[PDB]
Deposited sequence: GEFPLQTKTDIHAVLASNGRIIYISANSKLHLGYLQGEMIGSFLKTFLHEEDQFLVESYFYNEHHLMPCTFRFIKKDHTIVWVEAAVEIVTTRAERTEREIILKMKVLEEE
């Protein structure tokens, strides 16, 4: 199964599915409430934030697992935009770890 997640527009993890533990080394409750950029090196922070400034491909970046080692993750992005009093945006992710062969 893909890992499913939701981010607030500011990168805070609102939701991630429980298979975060298998693939990323974190229980879903260790990640929800934290910012995605906490689990990335600087190169990857810039890579991912750049993605949202302009897409032909999913967002591919290195994630630092709980054990401090990196995995490559490919993230399919959908934005839900809702216009009420202010316009608000949520990011829906479908992610998978790109495994070494």
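In this entry, the deposited residues absent from the coordinate set span 1-8, 63-64.
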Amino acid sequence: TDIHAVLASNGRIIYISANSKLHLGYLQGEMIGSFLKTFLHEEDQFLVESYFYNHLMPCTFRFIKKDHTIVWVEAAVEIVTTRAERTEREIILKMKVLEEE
From here on, numbers count along this sequence of modelled residues.
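Comparing 20-28 with 82-90, the stretch with the higher mean C-alpha B-factor in the PDB entry is 82-90. Of the two segments examined, 60-68 and 40-48, it is 40-48 that shows the higher average Cα temperature factor in the deposited entry.
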